[PDB]
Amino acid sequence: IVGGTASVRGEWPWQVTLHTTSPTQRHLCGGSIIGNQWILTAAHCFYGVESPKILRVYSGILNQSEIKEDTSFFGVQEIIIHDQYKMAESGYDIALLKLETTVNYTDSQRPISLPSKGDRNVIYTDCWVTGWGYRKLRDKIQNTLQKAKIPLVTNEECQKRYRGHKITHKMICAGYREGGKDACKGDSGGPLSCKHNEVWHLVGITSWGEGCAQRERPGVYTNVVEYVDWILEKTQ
C-alpha cells in the first residue's frame, strides 16, 4: 500500500497472508476470510504455483515477522480459479482457496460479508485497501499490515483512464485524481473493504493497475457482487 498507515492488532481480521514455500517461504498474496473453510483471492496469484501443497494461509497476523517455524497455519486443499480467467487485466481475477480445516473465529480472525442481495444500488463511500505490499514501485514487502482509505471511481471514468483495456461491469475502480494512495506489489488478492450501515462488505479484490498510485490511473479490483452466484455455487 502506497500512502498507507500501519494497522493495529484485530483491526482487519478477515485479512490473510498467503505464503508460498517454493523455492523458499515468502508472502505471495493477500486474501479475505469469507467462510470457515474459505478464502477469496485473485487468480493471478497462482501463476507460478505447481499445486496447493506449497501454500500456507496465515490468519491473525499484523507483522510478517511473527511467522516463525512454529507459527501455525492452514493447509490449502483446493485452488478454484474462475474458468474464464486468462490474465488479470482481462478480468475474471478471482479464486477460492478451500482450507484443509475450519477456522475458529476469534477477535483476530473473522469472516467478511459479501455484498448483500438488495445492495446492488449502494454507493459505497467508506472503502479501504489493506496489505503488506510495497510502499512504491521498487521497494519490499512491509512487516506491518498497512491500510489506506480510497474513493471508488465510476467504470466510465476508469475506462477513460485505460483506453487500451476493456473495463467491464465485473471490474470496479478506486483511486484519487492526484494519485498518492493505492495498492502496490504484494497487495494483490487482498480486500477492498467498504463499511455500509456499520457492516463491512467485501466489495473488491485487488487485481491490477498501471504503476502504483500514479495520478489519473486508478486501481482496478475484481467486482465481487458480480461473482456472488459463482462463489455460492462453489462454496455450497
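For every residue, the number given is its place in the sequence shown, counted from 1.
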property: Greater mean Cα temperature factor according to the PDB record, 75-83 or 131-139; result: 131-139
property: Greater mean Cα temperature factor according to the PDB record, 175-183 or 188-196; result: 175-183
property: Residue of maximum C-alpha B factor among 224, 16, 212, 220, per deposited coordinates; result: 212
property: Maximum C-alpha temperature factor, selected from 43, 29, 202, 67; result: 67
property: Record-listed C-alpha B factor of residue 161: chain third; result: middle
property: B-factor third for the C-alpha atom of residue 150 within its chain; result: middle
property: CA B-factor ranking of residue 113, expressed as a third of its chain; result: lowest
property: Third of the chain, ranked by Cα B-factor, where residue 231 sits; result: lowest
property: Record-listed C-alpha B factor of residue 94: chain third; result: lowest
